[PDB]
Amino acid sequence: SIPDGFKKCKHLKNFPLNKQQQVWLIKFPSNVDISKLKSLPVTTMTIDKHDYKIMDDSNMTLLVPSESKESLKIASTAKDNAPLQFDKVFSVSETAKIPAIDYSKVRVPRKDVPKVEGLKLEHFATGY
Amino acid sequence: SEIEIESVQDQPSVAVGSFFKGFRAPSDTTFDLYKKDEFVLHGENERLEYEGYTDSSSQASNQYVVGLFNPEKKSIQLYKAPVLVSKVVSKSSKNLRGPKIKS
Amino acid sequence: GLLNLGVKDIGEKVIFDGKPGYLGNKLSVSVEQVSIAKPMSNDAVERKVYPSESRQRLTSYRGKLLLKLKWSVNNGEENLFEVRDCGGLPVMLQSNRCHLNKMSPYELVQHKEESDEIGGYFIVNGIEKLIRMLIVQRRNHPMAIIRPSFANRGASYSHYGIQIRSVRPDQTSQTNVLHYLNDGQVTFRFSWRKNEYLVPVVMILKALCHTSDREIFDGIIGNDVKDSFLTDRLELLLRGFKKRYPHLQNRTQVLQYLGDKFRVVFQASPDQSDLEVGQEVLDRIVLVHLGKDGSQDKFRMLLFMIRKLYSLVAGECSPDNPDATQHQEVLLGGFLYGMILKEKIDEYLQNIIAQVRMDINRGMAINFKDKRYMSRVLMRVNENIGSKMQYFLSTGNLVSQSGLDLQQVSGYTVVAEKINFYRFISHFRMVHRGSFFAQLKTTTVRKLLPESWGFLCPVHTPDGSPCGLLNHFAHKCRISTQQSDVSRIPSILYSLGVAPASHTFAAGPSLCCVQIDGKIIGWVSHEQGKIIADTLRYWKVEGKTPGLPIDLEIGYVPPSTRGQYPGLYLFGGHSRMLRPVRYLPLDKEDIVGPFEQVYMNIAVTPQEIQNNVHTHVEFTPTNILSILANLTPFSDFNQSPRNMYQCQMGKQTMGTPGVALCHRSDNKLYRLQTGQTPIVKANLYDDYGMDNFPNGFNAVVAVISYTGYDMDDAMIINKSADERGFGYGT
Amino acid sequence: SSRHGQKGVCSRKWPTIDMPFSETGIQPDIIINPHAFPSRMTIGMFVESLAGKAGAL
Amino acid sequence: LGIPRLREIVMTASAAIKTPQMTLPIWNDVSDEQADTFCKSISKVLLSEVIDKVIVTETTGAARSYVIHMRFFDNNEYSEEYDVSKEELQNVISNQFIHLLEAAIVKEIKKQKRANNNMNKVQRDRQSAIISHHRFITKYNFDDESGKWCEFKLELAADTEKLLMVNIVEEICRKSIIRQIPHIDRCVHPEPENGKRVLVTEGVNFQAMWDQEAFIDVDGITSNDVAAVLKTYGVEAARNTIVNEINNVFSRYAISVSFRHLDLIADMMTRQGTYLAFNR
Amino acid sequence: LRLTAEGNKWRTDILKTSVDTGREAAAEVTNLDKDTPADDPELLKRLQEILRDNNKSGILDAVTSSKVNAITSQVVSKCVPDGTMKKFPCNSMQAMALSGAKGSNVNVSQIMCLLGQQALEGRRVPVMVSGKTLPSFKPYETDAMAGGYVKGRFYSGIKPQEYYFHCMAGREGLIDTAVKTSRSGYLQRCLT
Amino acid sequence: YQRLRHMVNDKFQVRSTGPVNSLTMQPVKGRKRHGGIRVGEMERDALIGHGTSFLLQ
Amino acid sequence: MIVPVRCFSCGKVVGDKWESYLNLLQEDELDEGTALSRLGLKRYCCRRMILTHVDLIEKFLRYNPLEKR
Amino acid sequence: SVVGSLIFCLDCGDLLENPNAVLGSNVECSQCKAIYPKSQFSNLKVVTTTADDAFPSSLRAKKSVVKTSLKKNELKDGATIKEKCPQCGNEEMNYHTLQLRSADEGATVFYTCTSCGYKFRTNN
DNA sequence: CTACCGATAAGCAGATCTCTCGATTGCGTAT
DNA sequence: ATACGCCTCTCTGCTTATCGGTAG
RNA sequence: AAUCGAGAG
Ligand SMILES: [Zn+2]
Ligand SMILES: [Zn+2]
Ligand SMILES: [Zn+2]
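Protein chains in written order, with the authors' numbering: chain A, 24 to 41, 49 to 72, 78 to 92, 105 to 175; chain B, 8 to 43, 49 to 115; chain C, 59 to 78, 89 to 111, 116 to 802; chain D, 918 to 974; chain E, 1217 to 1277, 1286 to 1338, 1435 to 1600; chain F, 833 to 1024; chain G, 1033 to 1089; chain H, 1 to 69; chain I, 2 to 125.
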């Protein structure tokens, strides 16, 4: 039951995997322009005047296309019939800067109840 | 330090599957990759079906990448390879039902 | 609206005649639109009717309830519509179904009502009525419970269990209780009709979505695969299910088993296949707050609940107190109206179907297209939905065929007495736990807890029988009546670092579970979860990011040894309790809720804001008290029982009810002749406009032992002052 | 009652001439026994009477 | 205390007092330390109260073996805390606990069908006796030299599906009793009241304290329960203990009731030679 | 209801000794070293165990209550009747507390010297699941005021937190009298 | 000062003779219907304890 | 409702001073204390009777059964 | 595959039957209908210890590091007042107030001597 | 050996001070 | 319109089932 | 006359 609106990829690009190259899985938010991704740390990078967190983090398998460019074969280089687990994995997450509290302004000593003004003798002895 | 980027590959080149823990597959399994960056995968064999699809709720915000990192260099071979959840059905008992209504 | 969502989700109830595998003809009646109007009178052309007339005639104040059926035949061959009025629906004053909806003070006075009238109450049979605000378990949150009655339910039942209350967009409630059995099996309990039902949890898990068993193992047990307690419990569960139901080898077989099991109680149609009726029970019972087409989300939620139950029974998490405000929310009173209206129209559809079935079983002159037949059958049922609602208001009895998750039948509407404006305004701020707890002997439910700081008034509570039960609202405590727009928060959370649920393969209280409205979003570490909660609060306070409304409730629960179950919980729904607070960074008003308060430091005044301990502060300490409990002068110098007795006796004075007394016909009305404003008063005396309804008189009071006629509690009144009108009333 | 839970029934309507009079000529309209306070402990009524006299002045 | 106690005494005349207690005078020569030793020797100790942890090592690879290694507190700790010896503990384990455990296991199965072993041949005869007398045991060895542990294999068959075998052990370990005087769960030595030395035990069993004449003045043994006193001491002693009990409630609330009233109440209650009550 | 300048000085000097009673009580209940800081991670760990376990919570709420009640008794004895600016027989409040006409030395001490620790049942004020006794107090607070030790007096009014604790205590009293009125007798009918 | 609504004209009642119950020939209930007040079980027990027997009868 | 004819405590006729108090408050920028002193109210028993009067009768009067609205 | 005491199918994830409950040398996946030898599953071990709150004992209380036991001697009930003792005359006489019989009735104080142990619960 | 008994386990019946006001008391069939 | 037929959380005792001990 | 609600001691 092929879904409507879905077109099979009749051809696919290659995947040049043969100290040999390691395979990394890296996440990005939508708020990152992956096109002009100039560089990535190993960590509080600045991208488009915006800061992101970078840290390190197997169920997920790798689907590398075979020599047909019509489907995917499971990656394996050590010949163990087991997926080639990523040699290192990194993650990218948003960060924000929380303002430090100005205790110098927010620690207000208590103001005493303000004395009324214009207070004079409203009571006098009888006959005065 | 920081790591350089060679070329982000926006065209579908790699895919990522998440079947379950400790999953291994026969050497004669292949998967059908459809596009609409959402994908809906399908792989078949004698007794099983690899019926899978992406989650549109998660993909519209997060985007993944698979990359090859040179040790002898300072460059990364980045690729746009999304992750698809996969439910492995069995041909043995996929079409096994019962009567419509009990009298 | 809520009513239209309810009539939508009600569904269609069908009947057959069998008249020639031809099951017969199909008639699927349903209502798709409900409309109300401000009441009018035929005194030809309708003239607006104002509540002054209803009050003066000693009658009710009700509009017209419009119901359009859908007399559809055989999957839409021919569609018949009929807009049928269903009696008079009482409406509350100062609501959009009332003529006083936006009248200025001048217009209100012109139309004989009041200068600063507040509605919120109904007029039925010339007696004013109001719908109390019950307090119920927090919606869409699974809370671990230890209860002796759970084990008393039968053999092998234990105290442990997880109870969740899920709420539909209709604002109707469904309870899903995950019991625990000492052998190893988990028993999902629910209740469709007045009777209850028990289902093995793996059966419902598999009916939800096509899953393996290794996926259940991974979803209940995370990377904690060395925890023998968990491995053995889950192995017992899985093997017990695989034993008792060996033939149910796929989702369809499980669903057909459920549909076979649930036929007569669910009133399933003879047309409906067992598979689709099983999907119907699954989507009409299990975790209704995710709605239909959310099976993957329901599956993740049930795995979360199961792992939480095993955490509870291993003693790795503390029980959740069901009678603490940290885990509560309030039934507004209009939502009770909506739910009861949905129930009444459901019974109305059932009544018309019963009439057509009686026509089937007595004669045969029946035809679905026969409009004469449709008119003759509709006009032989009782379409007094509005009169049923008037009965509900005037009696307080919840005549229900099924009964909602409410634990009580009676005690829902009380008269709004007009002895005194303190009393009148107090009716609209009181919360009752329920008559169930009214007749009980557990004192601890009547306590005062540090979880009600700013939400329930510590002072305002009657003594006597209702002490601790009937406790009022803090005057700055707001109840949300609209759903916050959370459409974008999942998108923000993923950017923040909340790794998506669907492809993360993790569980357990060793990581934070990010959830929104009882719907798992993702999984993240505890340090990063604390950072995410901080960032959410910051971006919510600075209203720049358009994904975070101010009403968002960021409940972060850090990892605590045998404490509450950890995880980051976000809320946006109806019936929450909210109160303002000053977020120290950016120094602007924040909104907090009882769930998230108990884990954050909120300095009471700015003078004792400590370093690196506090992030919030009250605007003022006086907003933790009710209106009555705030109008008492120098109440921090009195002893607390004396403040409580003042809160009680301020509602019993002979003050002034109102000024429009020439246009009312109340049974008994106490009025003070000459009131005065107090010389010494709280600031909030003026803000709530109490000077429109003076309650007492300033008097010169001598603290003297002179008379001998005032020793225990008596007091002496000057005779001359009494002859001069001191304390006079009619 | 006052606004401090100091209820009590009117025992007798004392004649004005029999009421104690002050140096300013005023006779209180309410007499409250001093023994109401030591057990109830409503010091708020004391400070309120103080402030009410000052405000009326 | 209070109205619950007066309901028990006057409105119910329950034989089963909610909290039975015994007052046991001590001879004026028995020292306080010896009195505490007597308390330890009289008070009940369960097998649970001496076990630190129990490690159950299942191994289904067709006999489902169920090796159990129950760890004990250090002997210098638990002997001094409970007056329990290694030999007494070993006898309790070998006799009572294993039979209780296997009874629980067979009940569960019936419901379910719906450091070193360098033996000295004494331990070997003991193991053979345990194996013969027991329905599942196959291994057994006790730390006779140090009194710190006990391990035994409870071998089973593959017919049976999974057992918890840890909750079972916990429940049985709570059930089993090392030593116990009937009806007594604890003997606590409070401070003297009115200068008289008294031991108070948590259950009433008169005929069991008569053995320890050297410690307890059995002439002065009076107890909280009235039915027990009426059984073993007659009507008049029951009337006296009724009066003392109904006077103890008011005294602890510093409420004085004339002893004539309590005496009349007691005489009406015991007018038939029995412990009547004020009810239907 | 007033004191002298030196009476208020005595009161404040003795109450300044109540800045460490709660912390020392906690430091000895957790079997820790004395003079241990109130932010010690080991102290917080042991305090969390005390919070989890009801019996250990009772031990803490008894020891701390003992020490703070000792401080209260010191204040009362030192400042009455030697601190009042008006003295018996002139002082009418003290006069009717002494004569038994109405009131007690407890009430007089509460109006003039100290309100003292509020006890709910036998323990101090309830503690939330987070280790917080109130939103205003940080988790696992070794402060007497946090645990319900009201150092204010009805003459000079009590702080918002102490007001909340005092409301807890008053509500407890009214709940107790509610229970008494509900289940009262029938013992007298059965006897008579 | 606030005037509470529990005035004493709604509290006092006196009956010498008047309407009686149907089958018992005893005073009716209720202040507003001219009925007598009840001498209950505890009043009877207290009236016996005085030794007042003609009074109790 | 409306200004009392006499002071409750002493009996000094304060019923003829409400309009004058209002005028002294509105036209002149007098304080309430200054206005009451200039009105002839010396005892605070008499001062309170005009200082604290609310005059609810004006609000009562807007509901007139005998005039079309 | 096999995890502790459980075996899951490698190809569909269904829970395999316990080997010692079926025939020799081969077990069958119910879903995949595959074959798994009874080799490579030599032992299904699960080592479980007790709850560490299972056995509440006086030694388990003393096993902890916090203070668990409160002596009668070490409890000084506090609340010392200078009331006069009706028995002996020692100055100390502890107290406690408990409102009774109404929300308005007078208070009562449980006066208790410290020397002779005399008790006095007097309202006024 | 055999009644014959019996120690459990299980089912079942009843209470839990005086006073004053108001508001409301139900619904399906068939001549 | 109007007369017939009808619908979820205590706590003492006294009294009985049930599948096995128990003297002759 | 039963219940429901409100209250007084
Ligand atoms: Zn005057
Ligand atoms: Zn398989
Ligand atoms: Zn003494």
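In this text, a Cβ means the ideal position worked out from N, Cα and C, and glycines have one as well.
* Check whether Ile293 (chain C) and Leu302 (chain C) have beta carbons under 8 Å apart -> It is a contact, given that the beta carbons lie within the stated cut-off.
* **Under 6 Å, CB to nearest heavy atom of ligand 3: contacting residues** => I:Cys86, I:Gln88, I:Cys89, I:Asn91, I:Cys114, I:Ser116, I:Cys117, I:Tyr119
* Asked: Cβ atoms of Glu50 (chain B) and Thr66 (chain B): under 8 Å apart, would you say?
  -> yes
* If we cut at 8 Å on Cβ distances, does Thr1024 (chain F) have a partner in chain G? -> yes
* Asked: Of the choices A:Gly165, A:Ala129, A:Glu141, whose alpha-carbon is the least far from that of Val570 (chain C)?
  -> A:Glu141
* 8 Å Cβ cutoff met for residue 1 (chain I) and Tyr112 (chain I) -> Since the first residue shown for chain I is 2 and the last is 125, residue 1 (chain I) is missing from the structure and cannot be characterised.
* Asked: Are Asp1077 (chain G) and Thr1024 (chain F) touching if we call contact CB-CB under 8 Å?
  -> yes
* Based on Cα-Cα distance, which residue from A:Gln51, A:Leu40, A:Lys31, A:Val111 lies nearest to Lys85 (chain B)? -> A:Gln51
* Cβ of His183 (chain C) within 8 Å of Cβ of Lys106 (chain C)? -> With respect to the 8 Å criterion, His183 (chain C) and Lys106 (chain C) are not classified as neighbours on the basis of their beta carbons.
* To do: Write down the C-beta distance between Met721 (chain C) and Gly922 (chain D) rounded to the nearest angstrom, noting that I regard them as a contact closer than 8 Å.
  => 6 Å
* To do: Can you have a look at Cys922 (chain F) and say buried or exposed, based on whether 16 or more other CB atoms are within 10 angstroms of its CB?
  => Exposed is the call here.
* **Through-space distance from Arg1517 (chain E) to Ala1251 (chain E), alpha-carbon basis** => Their backbone Cα atoms lie some 10 Å apart in a straight line.
* Neighbouring residues (CB closer than 6 Å to any heavy atom of ligand 1) -> Proximity annotation: ligand 1 has residues H:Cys7, H:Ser9, H:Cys10, H:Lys12, H:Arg43, H:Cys45, H:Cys46 in chain order, each selected because its CB is closer than 6 Å to a heavy atom of the ligand.
* Report back the beta-carbon spacing between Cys158 (chain C) and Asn456 (chain C) to the nearest angstrom; my notes put them in contact at under 8 Å. => 7 Å
* To do: Pick helix, strand or coil for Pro177 (chain C), following the three-state DSSP scheme.
  => helix
* Any C-beta of chain D sitting closer than 8 Å to the C-beta of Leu51 (chain H)? -> yes
* Would you call the region 1587 to 1597 of chain E and the region 860 to 873 of chain F touching, i.e. three or more CB-CB distances under 8 Å? -> no
* To do: For the alpha helix (DSSP H) holding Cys1470 (chain E), just list the boundary residues, first then last.
  => That residue, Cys1470 (chain E), is in no alpha helix (DSSP H); its beta strand (DSSP E) goes 1469 to 1472.
* Asked: Does the distance from the CB of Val402 (chain C) to the CB of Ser777 (chain C) come in under 8 Å?
  -> no
* With burial defined as no fewer than 16 other Cβ atoms inside 10 Å of the residue's Cβ, what is the status of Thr687 (chain C): buried or exposed? -> buried
* Go to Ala971 (chain D), then tell me how far its alpha helix (DSSP H) extends in each direction, as first and last residue. => 960 to 973
* Asked: Would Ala22 (chain B) pass as a contact of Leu119 (chain A) if the rule is Cβ separation under 8 Å?
  -> yes
* Asked: So, is the C-beta of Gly1523 (chain E) closer than 8 Å to a C-beta in chain I?
  -> no
* Asked: Is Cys30 (chain I) near ligand 2, in the sense that its beta carbon is under 7 Å from a heavy atom of that ligand?
  -> yes
* Pick from C:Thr779, C:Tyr800, C:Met783: whose alpha carbon is nearest that of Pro932 (chain D)? -> C:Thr779
* To do: Taking the CB atoms as reference points, tell me whether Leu11 (chain I) and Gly29 (chain B) lie closer together than 8 Å.
  => yes
* If we call anything under 8 Å between Cβ atoms a contact, is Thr959 (chain D) one with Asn702 (chain C)? -> no
* chain C partners of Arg1037 (chain G), CB-CB under 9 Å? -> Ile491, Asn492, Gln724, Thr725, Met726, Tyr742, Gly801
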